[PDB]
Amino acid sequence: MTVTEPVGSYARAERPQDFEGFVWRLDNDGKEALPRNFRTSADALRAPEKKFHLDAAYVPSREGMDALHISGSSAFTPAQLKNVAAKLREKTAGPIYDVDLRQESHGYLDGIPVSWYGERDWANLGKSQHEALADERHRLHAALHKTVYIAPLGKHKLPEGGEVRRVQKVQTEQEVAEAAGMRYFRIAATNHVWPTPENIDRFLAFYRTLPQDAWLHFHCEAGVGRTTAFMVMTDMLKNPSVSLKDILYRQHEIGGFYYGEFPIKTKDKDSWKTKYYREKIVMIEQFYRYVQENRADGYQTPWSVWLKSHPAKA
């Protein structure tokens with residue numbers, strides 16, 4: 001009769017009540033000067049990771065990379081963001097945006113970057129961005145002058161060690177970004193899965209009206225999955241004549257994930273990730289198709305509407 005959840009919306013079938021947040025997770029221990037997986041579109045391409053079984057001899061086209069003006073990284077401490085801002089300012093004189101792609105509630109407690117972690121990092125699964133942000137503001141404010149437990153995850157993604165402290169200061173990422181001289185833009189994307197149609201519609205609208213010399217610094221928790229997906233989408237939108245192969249290879253060779261087909265291998269405990277990786281591969285190709293078919297008329301129809309009439313196939 002009718003499909004309940006179409007390709008690209010698999011996560012909608014999961015139950016949010018089974019992944020509610022339970023601890024303040026430490027996002028970065030702040031020992032390094034910069035966040036992890038820091039990379040920009042001006043960087044040199046390096047050898048591909050063996051896990052993706054790609055052609056190391058292949059030389060991807062760099063067409064349009066000099067004007068792409070994007071970067072990516074993991075989460076960061078306030079000091080690390082300032083170092084990022086300073087490095088990016090040496091590359092551009094345009095506005096620098098901190099594009100926060102995290103749906104999970106996060107912020108800073110006494111300057112320490114933390115996020116309200118639920119199993120699979122799905123504590124805000126199913127919430128609208130409005131609802132997620134409200135949860136985030138409420139949780140951060142409720143921590144002020146209260147005792148909290150902050151810990152890094154260890155064996156089996158469960159707390160291990162950490163610290164206990166009575167919070168004297170709370171800040172949102174928006175505040176920390178503005179303190180580093182960056183503009184802020186939030187897209188609440190769920191970790192480990194393809195961004196929702198509303199996530200992408202929001203990004204495309206924001207992208208279309210950006211200043212010509214705008215620089216976009218994308219980031220998620222670790223700086224791999226969600227960050228690379230949006231870097232790839234921006235590359236496709238700005239350089240539509242570049243082949244899909246070149247886009248996927250170059251975004252991976254500067255330090256990101258490889259969004260093409262490859263032998264997916266997961267440990268038994270991570271078997272739930274397998275189908276979401278397969279979905280991402282199919283959706284990447286579908287987004288490329290959307291751009292090729294709708295750029296000519298200036299995107300009169302958005303991704304969400306187009307996708308409903310042109311469903312992806314597994």
# chains A, B, ... in the order shown; residues from 1 in each chain; ligands from 1

call {"tool": "closest_atom_pairs", "arguments": {"of": "segment 167-262 of chain A", "to": "segment 12-17 of chain A", "cutoff": "12 Å", "atoms": "only C-alpha atoms", "output": "tab-separated table"}}
result
residue	atom	partner	partner_atom	distance
A:190	CA	A:12	CA	10.9
A:193	CA	A:12	CA	10.5
A:194	CA	A:12	CA	11.1
A:195	CA	A:12	CA	11.4
A:196	CA	A:12	CA	9.4
A:197	CA	A:12	CA	11.7

call {"tool": "select_by_dssp", "arguments": {"residues": "segment 84-246 of chain A", "states": "strand (DSSP E)", "output": "MDAnalysis selection string"}}
result
chainID A and resid 96:102 106:109 112:118 147:151 163:166 170:171 183:189 215:219

call {"tool": "residues_around", "arguments": {"residues": "residue 187 of chain A", "least_positions_apart": "3", "cutoff": "12 Å", "atoms": "only C-alpha atoms", "output": "PyMOL selection string"}}
result
chain A and resi 98-104+128-130+132-133+184+190-191+195-206+218-220+226-227+230

call {"tool": "write_last_selection", "arguments": {"atoms": "N, CA and C atoms", "output": "tab-separated table (two decimals), in the first residue's frame"}}
result
chain	number	residue	atom	x	y	z
A	98	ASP	N	30.47	29.85	12.48
A	98	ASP	CA	30.55	28.59	13.22
A	98	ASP	C	29.24	27.86	12.93
A	99	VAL	N	29.27	26.87	12.05
A	99	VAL	CA	28.06	26.13	11.72
A	99	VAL	C	27.98	24.88	12.58
A	100	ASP	N	27.18	24.98	13.63
A	100	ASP	CA	26.97	23.93	14.62
A	100	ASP	C	25.95	22.91	14.11
A	101	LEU	N	26.40	21.69	13.81
A	101	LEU	CA	25.53	20.66	13.25
A	101	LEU	C	25.02	19.66	14.30
A	102	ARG	N	25.15	19.99	15.58
A	102	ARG	CA	24.79	19.02	16.63
A	102	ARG	C	23.35	19.14	17.14
A	103	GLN	N	22.58	18.05	17.01
A	103	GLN	CA	21.22	18.04	17.54
A	103	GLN	C	21.24	17.88	19.06
A	104	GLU	N	22.20	17.10	19.55
A	104	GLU	CA	22.30	16.87	21.00
A	104	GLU	C	22.52	18.18	21.76
A	128	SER	N	11.97	18.66	17.33
A	128	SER	CA	12.15	19.70	16.32
A	128	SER	C	13.35	20.54	16.76
A	129	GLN	N	13.93	21.36	15.88
A	129	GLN	CA	15.07	22.15	16.32
A	129	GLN	C	14.66	23.11	17.45
A	130	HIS	N	13.43	23.61	17.37
A	130	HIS	CA	12.89	24.50	18.40
A	130	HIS	C	12.87	23.80	19.77
A	132	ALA	N	14.63	21.05	20.61
A	132	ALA	CA	15.97	20.67	21.01
A	132	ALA	C	16.69	21.85	21.67
A	133	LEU	N	16.55	23.03	21.07
A	133	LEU	CA	17.20	24.22	21.61
A	133	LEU	C	16.63	24.61	22.95
A	184	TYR	N	27.21	32.74	14.20
A	184	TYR	CA	26.72	31.42	14.60
A	184	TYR	C	25.49	30.99	13.81
A	190	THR	N	20.96	14.79	13.75
A	190	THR	CA	21.18	13.65	14.64
A	190	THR	C	22.49	12.93	14.31
A	191	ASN	N	23.21	12.52	15.34
A	191	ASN	CA	24.49	11.83	15.12
A	191	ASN	C	24.28	10.44	14.51
A	195	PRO	N	21.24	13.52	7.50
A	195	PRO	CA	20.44	14.68	7.96
A	195	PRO	C	19.01	14.67	7.42
A	196	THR	N	18.06	15.11	8.24
A	196	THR	CA	16.65	15.11	7.84
A	196	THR	C	16.36	16.09	6.69
A	197	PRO	N	15.19	15.95	6.05
A	197	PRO	CA	14.88	16.88	4.95
A	197	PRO	C	14.80	18.33	5.48
A	198	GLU	N	14.31	18.50	6.71
A	198	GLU	CA	14.22	19.84	7.26
A	198	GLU	C	15.61	20.39	7.59
A	199	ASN	N	16.53	19.52	7.99
A	199	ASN	CA	17.90	19.97	8.26
A	199	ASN	C	18.51	20.55	6.99
A	200	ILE	N	18.36	19.81	5.90
A	200	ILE	CA	18.92	20.21	4.62
A	200	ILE	C	18.20	21.43	4.03
A	201	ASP	N	16.88	21.50	4.15
A	201	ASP	CA	16.15	22.68	3.67
A	201	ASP	C	16.68	23.94	4.39
A	202	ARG	N	16.88	23.82	5.70
A	202	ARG	CA	17.38	24.95	6.48
A	202	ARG	C	18.78	25.37	6.01
A	203	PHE	N	19.64	24.40	5.75
A	203	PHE	CA	20.99	24.71	5.29
A	203	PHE	C	20.99	25.36	3.90
A	204	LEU	N	20.20	24.84	2.98
A	204	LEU	CA	20.16	25.40	1.62
A	204	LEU	C	19.66	26.84	1.61
A	205	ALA	N	18.65	27.14	2.43
A	205	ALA	CA	18.12	28.50	2.50
A	205	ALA	C	19.18	29.46	3.04
A	206	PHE	N	19.88	29.01	4.08
A	206	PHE	CA	20.95	29.78	4.70
A	206	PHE	C	22.11	30.00	3.72
A	218	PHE	N	32.34	24.10	9.65
A	218	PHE	CA	31.39	23.09	10.10
A	218	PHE	C	31.97	22.24	11.23
A	219	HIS	N	31.12	21.83	12.16
A	219	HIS	CA	31.61	20.94	13.20
A	219	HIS	C	30.48	20.15	13.82
A	220	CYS	N	30.85	18.96	14.30
A	220	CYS	CA	29.95	18.09	15.01
A	220	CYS	C	30.64	17.66	16.30
A	226	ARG	N	28.77	13.97	10.35
A	226	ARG	CA	27.92	15.09	9.99
A	226	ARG	C	28.73	16.21	9.34
A	227	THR	N	29.89	16.50	9.91
A	227	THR	CA	30.73	17.55	9.34
A	227	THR	C	31.04	17.27	7.86
A	230	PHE	N	27.95	17.78	5.33
A	230	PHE	CA	27.65	19.15	4.95
A	230	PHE	C	28.78	19.77	4.13

call {"tool": "atom_distance", "arguments": {"atom1": "atom CA of residue 82 of chain A", "atom2": "atom CA of residue 222 of chain A"}}
result
18.1 Å

call {"tool": "residues_around", "arguments": {"residues": "residue 299 of chain A", "least_positions_apart": "3", "cutoff": "10 Å", "atoms": "only C-alpha atoms", "output": "list in words"}}
result
residues 204, 205, 208, 290, 291, 293, 294, 295, 296, 302 and 303 of chain A

call {"tool": "write_last_selection", "arguments": {"atoms": "C-alpha atoms", "output": "PDB file, in the first residue's frame"}}
result
ATOM      1  CA  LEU A 204      20.162  25.399   1.625  1.00  0.00           C
ATOM      2  CA  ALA A 205      18.125  28.503   2.496  1.00  0.00           C
ATOM      3  CA  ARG A 208      21.731  30.753  -0.853  1.00  0.00           C
ATOM      4  CA  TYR A 290      18.776  17.213  -6.740  1.00  0.00           C
ATOM      5  CA  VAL A 291      21.476  19.809  -7.385  1.00  0.00           C
ATOM      6  CA  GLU A 293      18.186  18.879 -11.675  1.00  0.00           C
ATOM      7  CA  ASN A 294      17.179  22.027  -9.745  1.00  0.00           C
ATOM      8  CA  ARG A 295      20.069  24.494  -9.957  1.00  0.00           C
ATOM      9  CA  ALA A 296      19.067  25.745 -13.432  1.00  0.00           C
ATOM     10  CA  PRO A 302      13.216  22.733  -2.059  1.00  0.00           C
ATOM     11  CA  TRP A 303      14.983  19.444  -1.295  1.00  0.00           C
TER      12      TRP A 303
END

call {"tool": "select_by_dssp", "arguments": {"residues": "segment 77-264 of chain A", "states": "alpha helix (DSSP H)", "output": "PDB file with C-alpha atoms, in the first residue's frame"}}
result
ATOM      1  CA  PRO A  78      36.541  28.081  24.050  1.00  0.00           C
ATOM      2  CA  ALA A  79      40.328  28.545  23.716  1.00  0.00           C
ATOM      3  CA  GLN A  80      40.514  26.081  20.830  1.00  0.00           C
ATOM      4  CA  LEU A  81      37.757  27.920  18.953  1.00  0.00           C
ATOM      5  CA  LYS A  82      39.737  31.143  19.299  1.00  0.00           C
ATOM      6  CA  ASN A  83      42.767  29.414  17.778  1.00  0.00           C
ATOM      7  CA  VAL A  84      40.591  28.146  14.935  1.00  0.00           C
ATOM      8  CA  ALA A  85      39.185  31.644  14.332  1.00  0.00           C
ATOM      9  CA  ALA A  86      42.711  33.088  14.184  1.00  0.00           C
ATOM     10  CA  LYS A  87      43.874  30.442  11.691  1.00  0.00           C
ATOM     11  CA  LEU A  88      40.873  31.028   9.433  1.00  0.00           C
ATOM     12  CA  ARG A  89      41.278  34.820   9.569  1.00  0.00           C
ATOM     13  CA  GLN A 129      15.070  22.149  16.321  1.00  0.00           C
ATOM     14  CA  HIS A 130      12.891  24.499  18.397  1.00  0.00           C
ATOM     15  CA  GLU A 131      12.323  21.743  20.988  1.00  0.00           C
ATOM     16  CA  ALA A 132      15.975  20.672  21.012  1.00  0.00           C
ATOM     17  CA  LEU A 133      17.199  24.219  21.609  1.00  0.00           C
ATOM     18  CA  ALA A 134      14.689  24.737  24.403  1.00  0.00           C
ATOM     19  CA  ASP A 135      15.875  21.543  26.091  1.00  0.00           C
ATOM     20  CA  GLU A 136      19.464  22.749  25.702  1.00  0.00           C
ATOM     21  CA  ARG A 137      18.840  26.195  27.215  1.00  0.00           C
ATOM     22  CA  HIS A 138      16.880  24.724  30.132  1.00  0.00           C
ATOM     23  CA  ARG A 139      19.496  22.070  30.964  1.00  0.00           C
ATOM     24  CA  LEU A 140      22.417  24.512  30.833  1.00  0.00           C
ATOM     25  CA  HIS A 141      20.636  27.070  33.017  1.00  0.00           C
ATOM     26  CA  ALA A 142      19.583  24.392  35.510  1.00  0.00           C
ATOM     27  CA  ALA A 143      23.245  23.426  36.022  1.00  0.00           C
ATOM     28  CA  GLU A 173      27.959  27.697  21.967  1.00  0.00           C
ATOM     29  CA  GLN A 174      26.505  30.820  20.350  1.00  0.00           C
ATOM     30  CA  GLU A 175      28.134  32.942  23.079  1.00  0.00           C
ATOM     31  CA  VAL A 176      31.480  31.182  22.720  1.00  0.00           C
ATOM     32  CA  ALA A 177      31.395  31.590  18.939  1.00  0.00           C
ATOM     33  CA  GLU A 178      30.615  35.293  19.136  1.00  0.00           C
ATOM     34  CA  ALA A 179      33.467  35.680  21.650  1.00  0.00           C
ATOM     35  CA  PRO A 197      14.885  16.884   4.954  1.00  0.00           C
ATOM     36  CA  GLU A 198      14.216  19.841   7.263  1.00  0.00           C
ATOM     37  CA  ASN A 199      17.900  19.971   8.263  1.00  0.00           C
ATOM     38  CA  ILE A 200      18.920  20.209   4.617  1.00  0.00           C
ATOM     39  CA  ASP A 201      16.150  22.681   3.672  1.00  0.00           C
ATOM     40  CA  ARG A 202      17.381  24.951   6.484  1.00  0.00           C
ATOM     41  CA  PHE A 203      20.992  24.707   5.294  1.00  0.00           C
ATOM     42  CA  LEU A 204      20.162  25.399   1.625  1.00  0.00           C
ATOM     43  CA  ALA A 205      18.125  28.503   2.496  1.00  0.00           C
ATOM     44  CA  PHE A 206      20.954  29.782   4.705  1.00  0.00           C
ATOM     45  CA  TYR A 207      23.551  28.985   2.030  1.00  0.00           C
ATOM     46  CA  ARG A 208      21.731  30.753  -0.853  1.00  0.00           C
ATOM     47  CA  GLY A 225      30.245  12.097   9.901  1.00  0.00           C
ATOM     48  CA  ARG A 226      27.917  15.088   9.986  1.00  0.00           C
ATOM     49  CA  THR A 227      30.728  17.547   9.345  1.00  0.00           C
ATOM     50  CA  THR A 228      31.810  15.757   6.144  1.00  0.00           C
ATOM     51  CA  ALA A 229      28.206  15.395   4.901  1.00  0.00           C
ATOM     52  CA  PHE A 230      27.654  19.152   4.954  1.00  0.00           C
ATOM     53  CA  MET A 231      31.114  19.905   3.557  1.00  0.00           C
ATOM     54  CA  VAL A 232      30.272  17.568   0.663  1.00  0.00           C
ATOM     55  CA  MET A 233      26.882  19.205   0.157  1.00  0.00           C
ATOM     56  CA  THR A 234      28.474  22.675   0.069  1.00  0.00           C
ATOM     57  CA  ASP A 235      31.121  21.474  -2.435  1.00  0.00           C
ATOM     58  CA  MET A 236      28.350  20.141  -4.711  1.00  0.00           C
ATOM     59  CA  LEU A 237      26.307  23.356  -4.504  1.00  0.00           C
ATOM     60  CA  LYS A 238      29.314  25.623  -5.225  1.00  0.00           C
ATOM     61  CA  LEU A 244      30.671  13.109  -7.849  1.00  0.00           C
ATOM     62  CA  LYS A 245      33.822  10.970  -7.693  1.00  0.00           C
ATOM     63  CA  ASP A 246      36.090  14.022  -7.458  1.00  0.00           C
ATOM     64  CA  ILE A 247      33.937  15.621  -4.739  1.00  0.00           C
ATOM     65  CA  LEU A 248      33.854  12.458  -2.586  1.00  0.00           C
ATOM     66  CA  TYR A 249      37.565  11.681  -3.046  1.00  0.00           C
ATOM     67  CA  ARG A 250      38.801  15.220  -2.315  1.00  0.00           C
ATOM     68  CA  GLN A 251      36.627  15.795   0.768  1.00  0.00           C
ATOM     69  CA  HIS A 252      37.985  12.515   2.122  1.00  0.00           C
ATOM     70  CA  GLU A 253      41.634  13.160   1.183  1.00  0.00           C
TER      71      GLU A 253
END

call {"tool": "closest_residue", "arguments": {"among": "A:307, A:243, A:126, A:283", "to": "residue 11 of chain A", "atoms": "only C-alpha atoms"}}
result
A:126

call {"tool": "atom_distance", "arguments": {"atom1": "atom CA of residue 308 of chain A", "atom2": "atom CA of residue 185 of chain A"}}
result
26.4 Å

call {"tool": "closest_residue", "arguments": {"among": "A:63, A:221, A:297, A:119", "to": "residue 37 of chain A", "atoms": "only C-alpha atoms"}}
result
A:221

call {"tool": "residues_around", "arguments": {"residues": "residue 53 of chain A", "least_positions_apart": "6", "cutoff": "10 Å", "atoms": "only C-alpha atoms", "output": "list in words"}}
result
residues 261, 262 and 263 of chain A

call {"tool": "atom_distance", "arguments": {"atom1": "atom CA of residue 216 of chain A", "atom2": "atom CA of residue 305 of chain A"}}
result
25.8 Å

call {"tool": "closest_residue", "arguments": {"among": "A:266, A:286, A:2, A:241", "to": "residue 312 of chain A", "atoms": "only C-alpha atoms"}}
result
A:286

call {"tool": "closest_residue", "arguments": {"among": "A:6, A:64, A:211, A:223", "to": "residue 97 of chain A", "atoms": "only C-alpha atoms"}}
result
A:211

call {"tool": "decode", "arguments": {"residues": "segment 271-307 of chain A", "atoms": "C-alpha atoms", "output": "CSV table (one decimal), in the first residue's frame"}}
result
chain,number,residue,atom,x,y,z
A,271,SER,CA,25.9,-3.6,14.0
A,272,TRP,CA,23.1,-1.0,14.3
A,273,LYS,CA,25.2,1.5,12.4
A,274,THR,CA,25.5,-0.6,9.3
A,275,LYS,CA,22.1,0.2,7.6
A,276,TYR,CA,22.6,3.9,8.4
A,277,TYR,CA,25.9,3.9,6.6
A,278,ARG,CA,24.3,2.3,3.6
A,279,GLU,CA,21.5,4.9,3.7
A,280,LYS,CA,24.1,7.8,3.7
A,281,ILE,CA,25.7,6.4,0.6
A,282,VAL,CA,22.4,6.3,-1.3
A,283,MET,CA,21.3,9.8,0.0
A,284,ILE,CA,24.6,11.4,-1.0
A,285,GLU,CA,24.0,10.4,-4.6
A,286,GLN,CA,20.4,11.6,-4.3
A,287,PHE,CA,21.4,15.0,-3.1
A,288,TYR,CA,23.8,15.3,-6.1
A,289,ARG,CA,20.9,14.5,-8.4
A,290,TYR,CA,18.8,17.2,-6.7
A,291,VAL,CA,21.5,19.8,-7.4
A,292,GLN,CA,21.9,18.7,-11.0
A,293,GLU,CA,18.2,18.9,-11.7
A,294,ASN,CA,17.2,22.0,-9.7
A,295,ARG,CA,20.1,24.5,-10.0
A,296,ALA,CA,19.1,25.7,-13.4
A,297,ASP,CA,15.8,27.4,-12.3
A,298,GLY,CA,17.4,28.6,-9.1
A,299,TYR,CA,16.0,26.0,-6.7
A,300,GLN,CA,12.3,27.0,-7.1
A,301,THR,CA,11.4,23.7,-5.3
A,302,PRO,CA,13.2,22.7,-2.1
A,303,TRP,CA,15.0,19.4,-1.3
A,304,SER,CA,12.2,18.1,1.0
A,305,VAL,CA,9.5,18.6,-1.6
A,306,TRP,CA,11.6,17.2,-4.5
A,307,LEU,CA,12.6,14.2,-2.4
